[PDB]
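As a plain string of letters, each chain reads:
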Amino acid sequence: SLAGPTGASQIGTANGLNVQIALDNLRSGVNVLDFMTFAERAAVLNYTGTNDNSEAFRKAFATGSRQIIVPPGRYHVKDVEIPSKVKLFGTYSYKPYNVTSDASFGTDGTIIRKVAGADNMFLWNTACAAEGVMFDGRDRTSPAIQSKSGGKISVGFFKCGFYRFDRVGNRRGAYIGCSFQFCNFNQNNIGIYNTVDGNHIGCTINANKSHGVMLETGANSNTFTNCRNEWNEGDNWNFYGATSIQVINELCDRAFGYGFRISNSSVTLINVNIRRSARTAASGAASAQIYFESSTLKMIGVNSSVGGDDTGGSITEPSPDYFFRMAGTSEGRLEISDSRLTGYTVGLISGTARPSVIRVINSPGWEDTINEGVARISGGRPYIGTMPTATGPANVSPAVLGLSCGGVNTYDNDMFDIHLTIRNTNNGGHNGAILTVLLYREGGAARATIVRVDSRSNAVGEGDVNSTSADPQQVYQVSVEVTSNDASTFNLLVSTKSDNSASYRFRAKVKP
Amino acid sequence: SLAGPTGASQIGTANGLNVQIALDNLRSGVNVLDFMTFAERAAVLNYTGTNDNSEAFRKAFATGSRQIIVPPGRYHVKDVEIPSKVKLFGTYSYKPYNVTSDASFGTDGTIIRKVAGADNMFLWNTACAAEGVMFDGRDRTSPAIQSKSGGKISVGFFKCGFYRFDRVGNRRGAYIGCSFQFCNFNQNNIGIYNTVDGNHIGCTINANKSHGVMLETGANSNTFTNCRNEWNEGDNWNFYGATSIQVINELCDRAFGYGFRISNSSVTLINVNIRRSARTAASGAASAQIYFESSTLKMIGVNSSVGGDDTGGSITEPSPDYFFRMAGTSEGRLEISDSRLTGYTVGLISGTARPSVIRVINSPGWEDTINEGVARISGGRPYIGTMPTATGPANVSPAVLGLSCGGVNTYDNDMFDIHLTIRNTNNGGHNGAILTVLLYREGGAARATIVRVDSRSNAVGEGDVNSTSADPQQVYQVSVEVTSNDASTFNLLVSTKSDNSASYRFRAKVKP
Amino acid sequence: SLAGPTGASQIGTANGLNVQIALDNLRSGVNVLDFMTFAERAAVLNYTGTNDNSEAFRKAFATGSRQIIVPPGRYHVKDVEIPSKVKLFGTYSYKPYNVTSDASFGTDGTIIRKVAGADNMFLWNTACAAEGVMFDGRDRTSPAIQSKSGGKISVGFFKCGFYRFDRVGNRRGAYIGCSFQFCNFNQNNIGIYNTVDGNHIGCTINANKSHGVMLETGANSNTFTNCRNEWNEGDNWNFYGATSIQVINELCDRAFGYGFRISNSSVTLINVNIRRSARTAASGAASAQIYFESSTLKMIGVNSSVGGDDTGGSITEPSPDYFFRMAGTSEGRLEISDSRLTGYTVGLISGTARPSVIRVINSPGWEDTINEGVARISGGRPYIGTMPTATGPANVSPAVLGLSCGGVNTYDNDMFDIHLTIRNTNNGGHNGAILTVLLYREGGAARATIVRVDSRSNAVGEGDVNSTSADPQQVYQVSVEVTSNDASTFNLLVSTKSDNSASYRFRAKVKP
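Residues numbered from 1 in each chain as written, not as in the entry; some residues may be left out. Chains lettered and ligands numbered in written order. Heavy atoms only, no water.

In the PDB archive, cryo-EM is given as the structure determination method for this entry, at a resolution of 3.3 Å.

Further remarks concern the overall build of chain A. When you go through chain A residue by residue, the secondary structure sums to three helices and 41 strands. For chain A, buried positions account for 62% of its 512 residues. Long-range pairs, those at least 24 residues apart, make up 56% of the contacts in chain A between residues at least 6 apart in sequence. Carbon and sulfur atoms form 46% of the exposed surface of chain A, whose accessible area is close to 17,700 Å². Looking at chain A, you have 46 positive and 43 negative side-chain charges, and the mean spots of the two groups are 4 Å apart. (Helix = DSSP H or I, 4+ residues; strand = E, 2+ residues; numbered from the N terminus. Buried < 20%, exposed > 50% of the residue type's maximum accessible area, 1.4 Å probe, protein only. Contact = heavy atoms within 4.5 Å. Areas by Shrake-Rupley, 256 points an atom, 1.4 Å probe, with all protein chains shown as cover. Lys, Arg positive; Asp, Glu negative; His and termini not counted. Charge placed at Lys NZ, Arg CZ, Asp CG, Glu CD.)

So, about the relation of the copies chain B and chain C. With an axial shift of 0.0 Å and an RMSD of 0.0 Å, the rotation relating chain B to chain C amounts to 120 degrees. The superposition operator between the copies reduces to a three-fold rotation axis. Comparing contact sets, just 13% of the residues at the interface of chain B also lie at the interface in chain C, consistent with a heterologous contact between different surfaces. (Least-squares fit on C-alpha atoms.)

For the rest of this paragraph, the subject is helix α3 (residues 55-63) of chain B. Residues and elements named next belong to chain B. Among the residues of α3, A56, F57, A60 and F61 are the ones counted as buried. Angularly, the buried residues of α3 cover 130 degrees about the axis, an arc narrow enough to put them on a single face. Opposite the buried face of α3, by more than 90 degrees, sit the exposed residues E55 and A62. At the C-terminal side of α3, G64 shows a positive phi close to 100 degrees. (Arc of directions from axis to C-beta.)

Our focus in this paragraph is the environment of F165 of chain C. All names here are of chain C. With respect to the element layout, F165 can be found in the loop between β11 (156-163) and β12 (180-186). Through-space distance from the C-alpha of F165 to that of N208 is 9.6 Å; in sequence the pair is 43 residues apart. In contact with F165, other than residues within four places in its own chain, are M121, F135, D136, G137, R140, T141, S142, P143, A144, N188, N189 and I190.

The subject of this paragraph is the pairing of strand β12 (residues 180-186) of chain B. The side chains of a regular strand alternate between both faces of the sheet. Residue and element names in this part refer to chain B. Among the seven residues that make up β12, seven are buried, leaving the element largely enclosed by the rest of the structure. Across six bridges, the pairing between strand β11 (residues 156-163) and β12 is parallel. From the neighbouring strand, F157 faces β12, where its bridge partner is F180. Here two bridges tie β12 to strand β15 (residues 204-205), and the two strands are oriented parallel to one another. Its bridge partner being in β15, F185 is matched across the sheet by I205. (Pairing = 2+ DSSP bridges.)

Contacts between chain B and chain A engage 61 residues on the former and 63 residues on the latter. At the junction of chain B and chain A, the tally comes to five salt bridges. Linking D414 of chain A and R381 of chain B is a salt bridge whose minimum nitrogen-to-oxygen distance equals 2.7 Å. Those elements that place two or more of their residues in the side of chain B that touches chain A are α1 (19-26), β11, β32 (381-384), β35 (413-423), β36 (430-441), β37 (446-455) and β41 (506-511) of chain B. Classifying every residue of the side of chain B that touches chain A gives 20 nonpolar, 22 polar and 19 charged. (Salt bridge = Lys/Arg side-chain N within 4 Å of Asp/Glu carboxyl O. Nonpolar A, V, L, I, M, F, W, Y, C, P; charged D, E, K, R; others polar.)

What follows concerns the packing of aromatic side chains. Each aromatic ring pair is summarised here by two numbers: the centre-to-centre distance and the angle between the ring planes. Per the counting criterion, the structure on display carries 78 aromatic pairs over all chains. An angle of 75 degrees between the planes, with centres 5.2 Å apart, marks the rings of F157 of chain A and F162 of chain A as edge-to-face. By relative accessible area, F157 of chain A is classed as buried at 1%. Here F162 of chain A falls in the buried class, since its relative accessible area comes to 1%. Plain terms: the ring middles of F162 of chain C and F180 of chain C are 5.8 Å apart, the flat faces sit at 55 degrees to each other, and that makes the pair tilted. Remark: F180 of chain C occurs in strand β12 and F162 of chain C occurs in strand β11; sequence separation between them is 18 residues. Of the two residues, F162 of chain C and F180 of chain C, neither departs from the other in class, the shared state being buried. Connected via pairs of aromatic rings, a cluster forms that spans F57, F61, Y75, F122, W124, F135, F157, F162, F165, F180 and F185 of chain A. Its end group placed over the ring of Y92 of chain C, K87 of chain B keeps NZ or CZ at 4.3 Å from the ring centre. Sitting over the face of the ring of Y92 of chain C, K95 of chain C holds its NZ or CZ atom 5.6 Å from the ring centroid. (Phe/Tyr/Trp six-rings, centres within 6.5 Å; stacked < 30°, edge-to-face > 60°. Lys NZ or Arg CZ within 6 Å of the ring centre and 35° of its normal.)

Once that is clear, we can look at empty space enclosed by the protein. Inspection of the entire model under this criterion finds 17 cavities of 30 Å³ or more. If you add up the space inside the largest cavity, you get close to 240 Å³. Lining the largest cavity are 18 residues; nearest its centre among them are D417 of chain A, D417 and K511 of chain B together with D417 and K511 of chain C. Within the lining of the largest cavity, the residues separate by chemical class into six nonpolar, three polar and nine charged. Its volume calculated, the second largest cavity comes out at about 100 Å³. Every residue lining the second largest cavity is listed: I270, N271, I300 and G301 of chain A, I270, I300 and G301 of chain B together with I270, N271, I300 and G301 of chain C. Tallied by class, residues from the lining of the second largest cavity come to six nonpolar, five polar and no charged. (1 Å grid on protein atoms, 1.4 Å probe; cavity = no way out; pocket = protein on both sides within 12 Å on 5 of 7 lines; lining within 4 Å. Points joined across faces, edges and corners; volume = space filled by probe spheres on them.)

The next point concerns the domain arrangement of chain A. All names here are of chain A. Under the domain assignment used here, chain A contains domain 1 (1-210), domain 2 (212-372) and domain 3 (392-511). Taking only C-alpha atoms, the centre of domain 1 and the centre of domain 2 are 36 Å apart. With 24 residues of domain 1 in contact, the opposing surface of domain 2 contributes 24 residues. Note on domain 1 versus domain 2: buried area summed over both sides is about 1,800 Å², and carbon and sulfur give 46% of it. There are zero salt bridges connecting domain 1 and domain 2. The tally of links between domain 1 and domain 2 comes to 20 residue pairs in polar contact. Elements with a minimum of two residues in the side of domain 1 that touches domain 2: β13 (192-193), β14 (199-200) and β15 (204-205). Among the residues forming the side of domain 1 that touches domain 2, the class breakdown is ten nonpolar, twelve polar and two charged. (Domains from an automatic or database assignment. Buried area = accessible area lost by both parts, 1.4 Å probe. Polar contact = N/O pair within 3.5 Å; in protein donor to acceptor, adjacent residues only side chain to side chain.)

Now for the pattern of salt bridges. Opposite charge on two side chains permits pairing when their charged atoms draw close. Residue and element names in this part refer to chain A. Per the stated rule, a full pass over the model turns up 75 salt bridges over all chains. Here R164 ties to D102 by a salt bridge, and the two come within 3.6 Å at their closest N and O atoms. Here the residue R164 occupies a position in the loop between β11 (156-163) and β12 (180-186), and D102 occupies one in the loop between β5 (87-89) and β6 (111-114), the gap between them amounting to 62 residues. Residue classification places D102 among the partly exposed positions, given a relative accessible area of 42%. As a salt-bridge pair, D309 and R279 come within 2.5 Å of each other at their nearest N and O atoms. One end of the pair, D309, is in the loop between β26 (303-304) and β27 (324-327); the other, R279, is in the loop between β23 (273-274) and β24 (290-293), with 30 residues separating them in the sequence. One salt-bridge network, held together by shared partners, links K298, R333, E335, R359 and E372.

Moving on to the state of the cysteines. Residues and elements named next belong to chain A. The tally for this structure, following the rule as stated, stands at zero disulfides over all chains. You can see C252 has no disulfide; the closest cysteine sulfur is in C227, sitting 11 Å from it. By relative accessible area, which is 0% here, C252 ends up buried. (Disulfide = S-S within 2.5 Å.)

A few words now on the interface of chain B and chain C. Contacts between chain B and chain C engage 63 residues on the former and 61 residues on the latter. Surface buried jointly by chain B and chain C totals about 4,900 Å² across both partners, of which 51% is contributed by carbon and sulfur atoms. Contact with chain C buries surface across chain B, with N25, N413 and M415 of chain B losing the most and accounting together for 12% of the total. On the surface where chain B and chain C come into contact, there are five salt bridges. Residue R456 of chain C is joined to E462 of chain B by a salt bridge in which the shortest nitrogen-to-oxygen separation is 3.3 Å. Taken together, the links from chain B to chain C amount to 20 residue pairs in polar contact.

Attention now moves to the environment of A127 of chain B. Mapped onto the elements of the fold, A127 of chain B is located in the loop between β7 (122-124) and β8 (129-131). The exposure class of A127 of chain B is buried, given its relative accessible area of 9%. Along the chain, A127 of chain B and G177 of chain B lie 50 residues apart, while their C-alpha atoms are 9.6 Å from each other. Excluding residues within four positions of it along the chain, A127 of chain B makes contact with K85, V86 and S154 of chain B together with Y94 of chain C.

This is how it looks when you write it as structure tokens:
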């Protein structure tokens, strides 16, 4: 009588409504354990047997409820598709830091495991999610977050832990538009795969086989506010064609080669603390902390250091030989500011390629260098415009050195100093000159006049050479004339006597 | 017998306590669905009918429990006041990104909706809160988080979603002391309203009608660590009298005019990526990315770019013409560092007003400029002190140019170089001079001596003019004397012959 | 019949499974209230009596479930050890901002209190955790998170509130490897104690008796992304031997002395807004905002200001007299960039000790200073190498001033300017010289030649003194020769006549 289907509804409660609706109100979503056999449910709650409990999940999904509650039991699923906008609610008590053996997990919280040699555990659809779930696939195959359809899928994981997966991403060649707010990526082959438009708050990347966090082309956009990278058995941060990326705060600890790899993707590192790197590397050309190539990289507060293992360990020597490894065609950009990038052993750069634009300011380990704009800096010494070198015979056509400047406004004037350096290629003698140049603009155009010229033994002078009245001490004649109407670009003309023919390699630098 | 009020307590359990207390322990707070009719509760759980279920909420509040549990059903409330320190616990499965139609919401999680043409849905009090709730008011009226009493109210929303509201704030003229840690502000008329002492962790501002995140006077203080602003149909970030504000990391995407507006509020942007802006604007004077006025603005890592819509779209041309639009009285402050603010089309500034203090360093698109301190920079060229221009007739009273310096200590000396520029206003001729000045202090006071003077044709000289022994080549007499006892401020006196009277516009610049 | 142990299982439900398993599936963990007497449980749910309910917790722990559910009732425990990997799940409705009296807590959420004069409430083990729990110990004794064994313990608290504790840490001398993601530390004696490898997301430190957040030696590592420090009755931030530490974003408000204290620990402050400090201090030498000693401190976006209490208050005058207080042996490092550190009243530094390395750039209130590298800055004026002072009699052994430079490559040349300053110690006269030096390297070695020398009255000259052909105006002979083979280091030799003997204090500065 009371043991039948309608038995529960026949017993009232103190509130005024019977037991059945009292139980119905307490649940937030449909419980998976409801669709389970007694022995199978007991095994799930006891963490003992595999039991391949995929039918419970299939029936829970077929119920049609957008909310699925997975209690702390241990599950084993096989190729069960998750319908759209379906979320899995789970509670965890302990998320293991390092899962070295199958017995790493204890009771802890909810665990969903792949069964036997299944090719997948879940086939995700758009707008799916999960909380408190520790996904685990025993084999390093079966990539996690694998969509049923080979297209971009937007999901989200608030607190979850992915273990022993090939990659947290679909089909090895497609992207997922997700943001792992607080997750733990451990013992995988790829810590994060091809996330697009992702905002990852506090993830943790532990020792992963292979690369770790790897992004490919198109996986444009991505922010990693406070992620931490542990001893990844591989490349750690790896970006190839990601248009954007920014790792904000947390450190990048020991990695087994190229703690950061940047190939064609613009990136920015705000406060990344790039610790030791390249534990397993070939020393020269492969022990650098950052492998920079053909891309734009910006750094604002990056710190670095060298060292060995924390304690014990097979390798104790300071691992990273260099800091930068540059290769490929030289067309990238590099901006550096306020970064204490002195962490290396033998050198700073391991290639003959350099970014087309360099902006390094206030960073120990690298003197200030700027290659663009009117005001540039070379080796810590500033100058204006360009430093042109003109080598050739300074007879019958005075050598021309094209200088640049900020410019002069109308009815305005400017003054500046030029360092002129002469290196006679034949004899080997050296000479120097300091001159002061004033640029003035009237209503029509601008003109340049040499205020003063000074040198050792009065070798250079504004007076014309090849003249009987010329001072015999003077060997070089220097003059200046403006090319552009804005006086921004002019040129210095240097000539010698008609009789002598020699190459001197004139160099003119405009000092502010 | 068992169907009465005391029926539940008469059936024991395996643990040792009967069913009634077993049910009482499982619940964390009082369930709202308990105070509902069968048909009304079924409609709530089925997302079908309006049913105007305000009495359930009123009775739940009148119960006196500080915790209110709202299951995933759909509700419709009307002007129900929430007592103090009362929190609404809800679970959501999917929070819509863009709610374009009434059928945007599906099953998803808990939804609380305004009913018919009610002027409000909730009247909040101090220390209220909510989790997992997607508040929705069909009409764009009825501002959310509207306090019953017209005063400041401190609330908090961990994970909630506000849709189609006039503003998330009370009475259109009062403030709320809240911090939206992880929220979604979509299709409102104002994304965030007058939050005071707020620390917003990871909010999301989607396409909102009107301004979006707008703060007014008094709403002093506010931090937006990782918020993201989508295509707001209006002003996007808008601050008027907020004393403080700092947007830390996330980007500011396309907005329909003045992606940032700053009127009288000091602000700071740490790593904001200000994307395209001013989709709907009047081009000149209204297409700038930031409308800066009469305030203090600081930037540390700001990035910018131009572009059109992602795909399709009515407008495809690069939207923002400029980067800065400055108007109003010029008394503000502007500090810029390490910001790649090259994102514009035609210009950089759209006004004749400039901040009183400018500190721009290492930012592409703007040469270094500093207006305060001893060491200043103009157009990338540094100098010390001030660059004074003195125009007038240099006869019978030598023209005086007041120069500044860091100072000289007791029994100490300093040397520096001065560039002197002369522009004869009548004839139009131009002349220049370089001189070296040494400042020395003895026990009593300091004095200045001119080490050297050099010019073209020896026009200037330290020798006295109007003397028969004077070199005829010399036309100008230059001298230096100290005014302050600290030698920090001195002046350069330039004089001409007694016979000639002309204005030259002398300019003296102290080059380090 | 139905009231016995097996009564619940005899009533079926609509789903197909009886009431007993229906109740068993709804619970996530073992409920503590299950192991309680009727009157004791009623008192717990009514927040009325102490009742010393430790046996319920002991039996719940002895059950063996890794998950413990604490409902919103008020508890009183005494020295109950928490087994490993055990988490306490609680729900809170209101976390008090300031607990001034015992009646500060109302109904609110789950509260666990220490009973009578117990020496502890919980004895934690490895991998323990808690959520939503407001721990409170009435006496300021009984440190929270006190491990049973005196060793490092790794725990974690997502959302918890610690009130009136001696310190959140074990045994006053040991460390805990935890990360308080979102916590509230109020009215304690120490806000945070000896956290190791901690990543604290959004903590809140309210008015705490004593220091507040204090770290000691070994508590190396720690990140405080968005913590906020309120009016701590003590030292606020206090680090002694912590190897690392970085406070990222949130402000540091009024503190009762040394808002930051750094003794031997390297630290970095990214965007800390250090407000007023030292409300209770001895003015001179104790009213500084930061007490810096013998350590490395870096700052990137730090802001500061002065002021009094918000309203009312006993003290209304601007509190912090200075900004820095430096003491102890001078061997530390200091890096400053883009920090508006103008917040003080009387001065900036309160000690005669300075860091060995200083790098201050683009920070108002302090002129640019750099002490390392080839390019240095003093008081906003740049130079290359070192500024040596050589005092002594310049007769029979010319005085030598060792200058440094970046260096010259093979078959390369460089030019630069040297400022030479002479202060005759006997008479008191002062003199200055400007000279231009060219360094050139041939195949073998490098050599230096003086391009030009200029001074007032031609006092200095490259010609040899003590020669009958020497110009009588020349008093000093200057020469330059290179010491290193790289021409990076050379020296300037200055000599006088043989007859005169006097000390001049020569100073040579290499201006870029």
